[PDB]
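Here's a solo chain for you in structure tokens, the form deposited without the DNA.
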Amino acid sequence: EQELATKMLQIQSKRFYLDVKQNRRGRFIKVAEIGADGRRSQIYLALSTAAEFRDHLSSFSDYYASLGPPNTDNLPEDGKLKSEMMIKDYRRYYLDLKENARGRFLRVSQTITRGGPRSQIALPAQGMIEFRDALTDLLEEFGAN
């Protein structure tokens, strides 16, 4: 298993690692999160999904910037403000911009159709452009389209 590139981002007290990697099952991007409380979690993306994710990020950013401060005091019961879904064979990815007490974050959940092993990262909304730009330049180099 070879590591082709890494990007590290510090966002509102968390860290994120974006690693481009390669093994006999192909090339992919691993995204690892270190929580504000220390909690570790990871998701894995094919390069085609990472390009699709990168495009969604521009759109989630415009939405985020249009919001202004909270509240008023009326959120949707589940907490979700904007949603997308990405598909890669048997893998599904839910992108939900949520708003809780601590603030705004893009929750990204990876599931497998059947299903099976699930996992998520929670990207503070202030970091969406940094994450987007980090994806864009890993993809310039490693993802041909």
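Rigid core: the largest C-alpha set superposing within 1.5 Å between the two forms. So that there is no doubt, residue numbering starts at 1 and follows the sequence shown. Residues that one form lacks are left out of the comparison.
Review point. Given the B-factors recorded for C-alpha atoms, which segment has the greater mean, 42-50 or 90-98?
Key: It is 90-98 that shows the higher mean C-alpha B-factor.
Exercise for review: Would you determine, from the values in the PDB entry, which of 73-81 and 30-38 has the greater average C-alpha temperature factor?
Suggested key: Comparing averages over the C-alpha atoms only gives 73-81.
Practice item. Taking the chain's C-alpha temperature factors as the reference, tell me which third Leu67 falls into: lowest, middle or highest. Key: Middle third.
Review point. Within this chain, which third does the Cα B-factor at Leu4 fall in: lowest, middle or highest?
Key: Top third by C-alpha B-factor.
Check your understanding: By its CA B factor, does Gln126 count among the lowest, middle or highest third of the modelled residues in the chain?
Key -> According to the entry, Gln126 has a C-alpha B-factor in the chain's lowest third.
Review point. Where does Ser13 sit by CA temperature factor within its chain: lowest, middle or highest third?
Key: Ranked within chain, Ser13 CA B lands in the middle tercile.
Practice item. Please rank the C-alpha B-factors of the chain's modelled residues and tell me whether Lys21 sits in the lowest, middle or highest third. Key: It belongs to the middle third of the chain when residues are ordered by C-alpha B-factor.
As for the form solved in complex with the DNA, it is not shown, yet the points below apply to it.
Point to revise | Whether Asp55, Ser83 and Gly143 all lie within 4.5 angstroms of the DNA in the deposited bound form by heavy atom | key: No, the candidate spot makes no contact with the DNA.
**Study point:** Of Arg27, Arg107, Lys30, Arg91, the one that lies within 4.5 Å of the DNA in the deposited bound form (heavy atoms)
**Key:** That would be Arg107.
Review point. Between the options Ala65, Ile87, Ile112, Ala36, which residue brings a heavy atom to within 4.5 Å of the DNA in the deposited bound form?
Key: The option sitting close enough to the partner is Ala36.
Review point. If you check in the deposited bound form, is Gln22 within 4.5 Å of the DNA, heavy atoms only?
Key: Contact check for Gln22: no, nothing within 4.5 Å of the DNA in the deposited bound form.
Review point. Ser48: heavy atom within 4.5 Å of the DNA in the deposited bound form?
Key: No, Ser48 stays farther than 4.5 Å from the DNA in the deposited bound form.
Review point. Quick one: does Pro124 come within 4.5 Å of the DNA in the deposited bound form, counting heavy atoms only?
Key: The answer is yes: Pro124 has a heavy atom within 4.5 Å of the DNA.
Point to revise | Exercise: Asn100 in contact with the DNA in the deposited bound form, heavy atom 4.5 Å | key: So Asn100 counts as contacting the DNA.
Exercise for review: Go through 59-94 residue by residue and record those having a heavy atom within 4.5 Å of the DNA in the deposited bound form; state none if no residue qualifies.
Suggested key: If the 4.5 Å heavy-atom criterion is applied to the DNA in the deposited bound form, 59-94 yields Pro76, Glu77, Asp78.
Exercise for review: Align on the rigid core first; then say whether the Cα of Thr113 has moved by at least 2 Å between the shown form and the other one.
Suggested key: The answer is yes; the displacement is at least 2 Å.
Review point. Is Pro76 one of the residues whose Cα moves 2 Å or more between the shown form and the other one, with the core superposed?
Key: The answer is yes, as the C-alpha of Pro76 shifts between the shown form and the other one by 2 Å or more after core alignment.
Check your understanding: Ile87: CA shift of at least 2 Å between the shown form and the other one after core fit?
Key -> Shift at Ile87: below 2 Å after core fit.
Exercise for review: Might you say whether the CA atoms of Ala36 and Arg104 end up closer or farther apart in the deposited bound form than in this form? Their distance differs by 3 Å or more.
Suggested key: Here the pair is closer than in the deposited bound form; there, farther apart.
Exercise for review: Indicate closer or farther: the Cα atoms of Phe105 and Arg114, in the deposited bound form, relative to the displayed form, with a change of 3 Å or more.
Suggested key: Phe105 and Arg114 sit closer together in the deposited bound form.
Check your understanding: Mind listing the moving segments between the shown form and the other one, meaning three or more residues in a row, each Cα shifted 2 angstroms or more, core aligned?
Key -> When the rigid core is held fixed, residues 36-39, 68-77, 113-116 are the runs that shift.
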